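As a basis for the values below, the full set of heavy atoms in this structure was taken, side chains included, without hydrogen atoms, waters or symmetry mates. When a ligand or atom number is given, it counts from 1 through the structure's own listing order. Chain A is the first sequence line, chain B the second, and so forth, proteins listed ahead of strands; every chain is numbered from 1.
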Number of protein chains: 2
Amino acid sequence: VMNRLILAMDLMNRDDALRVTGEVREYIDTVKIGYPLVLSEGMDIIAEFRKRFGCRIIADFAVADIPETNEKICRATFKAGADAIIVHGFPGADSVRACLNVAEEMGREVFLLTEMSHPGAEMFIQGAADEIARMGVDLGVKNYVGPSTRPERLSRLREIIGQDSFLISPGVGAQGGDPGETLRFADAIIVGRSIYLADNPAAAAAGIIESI
Amino acid sequence: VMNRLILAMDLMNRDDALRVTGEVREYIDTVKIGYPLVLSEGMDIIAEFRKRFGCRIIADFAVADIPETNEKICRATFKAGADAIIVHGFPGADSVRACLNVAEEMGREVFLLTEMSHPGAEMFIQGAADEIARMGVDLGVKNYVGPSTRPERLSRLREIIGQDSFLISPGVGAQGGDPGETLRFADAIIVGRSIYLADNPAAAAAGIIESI
Ligand SMILES: O=c1ccn([C@@H]2O[C@H](COP(=O)(O)O)[C@@H](O)[C@H]2O)c(=O)[nH]1
Ligand SMILES: O=c1ccn([C@@H]2O[C@H](COP(=O)(O)O)[C@@H](O)[C@H]2O)c(=O)[nH]1
């Protein structure tokens, strides 16, 4: 939410991850943590970050398993302190509903990943993305993830989910997406490498904020 | 955390509560919601506030029942979306442990209320407060609540819990506590009426922040 900028913290060691996150904390209040960091440092890193930085944590786990396993993944993730989890919609409605049920039980949120931002997304996901977004609307999903790299697709996604839904978007910077154009449709942009690989992460974050 | 100021939102109707909270949101990022609002508008108000204001919510439920009931209260409260819950320590260790167990299961936090801020606290709670704080330390509690109205007691509490524990303090303003003096010992101050009954809540919040 702060500055409509979410940091994707994909460094793989705790010391560097804490250093960069602390350096840019005055610019953000929401950090997306994924498997690169969690599989290297453990799930306890989520609660550590949440406490140390007083930020919201979105666990980007691209959840994509059967219902029963998705439920277990969501339970472990919320137990670890995550405020929200990103779930793929392409595995179908039952898999998404399993995640929504756990989020309801635990007072948390599910973000539905519709279309991905990388080139390969055009092979199979893009053709199913509008229907995946419609499925989300039908299931009551209120939070979505769409691609910064294809603003016309981000626009179509926004059209399907409505103005009240919350939409975040990765692919800004390194993948080629533009901050300002992405924010014409998304509520917040996700930025990873453009900030965490910069010589001065704080200056990189400040520059993105200045550009928007 | 923001400005070390936590709003105690004890208005009893949704419209006024949303109005004041929205007016002072630029000054805070943490709202304490208690029974005055929840029993008048329902537990759904917690998730509504959390979403609408993107703030952390501490449920001040002064939990004070037997272990089994405390567990149920904590589960319902975290399911409703609260980030933390305030629990009395005077009912004993088993009652506090029940709350800690649910918070661990759900990735949330427990704040232990040691000494209360009102005059009647001197009758029974004050004499047991140092031991209640020690009990908290022994149980692994990391978040505490102490009285703004008695800074020497707040100092003694801080001494027992250590500098690493997080301490919040009500009784600022209406009850007579001073913002600056309270912050010599507490990490954050809780302020209710001095802000929510003010003719201009934003100006009242701004003034408190200016004074510190
Ligand atoms: O469609 C998607 C879904 C997720 N991410 C994730 O969002 C972040 C974008 O990082 P970056 O390209 O700004 O470094 C990474 O964690 C990446 O895994 C994408 O980039 N695209
Ligand atoms: O020892 C305690 C425990 C809790 N509260 C609560 O903190 C808030 C303080 O509000 P106010 O006196 O600033 O209006 C209220 O919600 C009140 O119930 C106290 O004041 N003192």
Inset, instruction - Measure B:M116 to ligand 2 on non-hydrogen atoms and call it side chain, backbone, both or neither using the 4.0 Å cut-off. - result: both
Legend entry - Backbone or side-chain N or O of A:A174 under 3.5 Å from ligand 1 N or O: no
Inset, instruction - Kindly confirm or rule out an N or O of B:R193 lying under 3.5 angstrom from an N or O of ligand 2. - result: yes
Could you list the donor-acceptor pairs under 3.5 angstrom formed by side chains in residues 192-203 of chain B, with sequence neighbours left out?
unit_1 : atom_1 : unit_2 : atom_2 : d
B:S194 : OG     : B:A174 : N      : 3.2
B:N200 : OD1    : B:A202 : N      : 3.3
B:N200 : OD1    : B:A203 : N      : 3.0

Inset, instruction - Answer yes if the ring centres of A:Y35 and A:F61 are under 6.0 angstrom apart, and no otherwise. - result: yes
Inset, instruction - Could you tell me whether A:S117 and ligand 1 have an N or O pair separated by under 3.5 Å? - result: yes
Legend entry - Which of the ligand 2 atoms, numbered from 1, are nearer than 4.0 Å to a heavy atom of B:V191: 13 (O)
Inset, instruction - Among all protein heavy atoms, pick the one closest to atom 15 (C) of ligand 2 and tell me residue, atom and distance. - result: B:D10 OD2, 3.2 Å
Legend entry - Salt-bridge criterion met for A:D130 and A:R156 (N-O under 4.0 Å): yes
Legend entry - SB check B:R56 A:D83 (cutoff 4.0 Å): no
Inset, instruction - Give the atoms of ligand 2, by number and element, whose distance to some non-hydrogen atom of B:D60 is under 4.0 Å. - result: 4 (C), 6 (C)
Inset, instruction - May I ask whether A:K32 places a heavy atom under 4.0 Å from ligand 1? - result: yes
